[PDB]
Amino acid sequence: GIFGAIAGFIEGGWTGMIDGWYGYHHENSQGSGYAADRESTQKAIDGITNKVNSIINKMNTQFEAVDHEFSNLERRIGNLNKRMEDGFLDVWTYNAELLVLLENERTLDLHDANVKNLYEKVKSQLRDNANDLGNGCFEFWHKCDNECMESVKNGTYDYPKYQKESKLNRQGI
């Protein structure tokens, strides 16, 4: 990754998660699954779309080459026309080939950063109530309800609520 989440410390993707780009996977006594984060997937869709549309719009300007003929005394103005038309050709072929190599890089980075920020938005909520396993995955020191899993996602996690349950469990081992 460059942010390091994608193809990085979070080793892989979820074919099982099919309703968004970025998401949560949970497991608890009531079940397990894969739930996409709608807000950070929407905001990335609006944004990538706008990028695509911005480039499309900027690129809707054509250079029109011409069919004109030239006599045996017009070699110089004829070659002047050829270099002109090949010049604007090389300039626009560059302008697109390079922009695509660049914008792809920055697009992959953009995703990598939205995974990373989702990972940090949870880690600053669980603190020591949860244990950090590998691959951006967390094991709670307490029992997490579905309505617990829900609060972690929508940002209304109740840390105090599970503080004493966690402590007793965390170093019982």
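From 1 onward, residues are counted along the sequence shown.
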Read off the CA B-factors in the entry, average them over 134-142 and over 108-116, and name the higher stretch.
134-142
Given the B-factors recorded for C-alpha atoms, which segment has the greater mean, 21-29 or 157-165?
157-165
In this PDB entry, which of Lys51, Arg38, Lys58, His68 has the top CA B-factor?
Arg38
Among the modelled residues of its chain, does the C-alpha B-factor of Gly8 lie in the lowest, middle or highest third?
middle
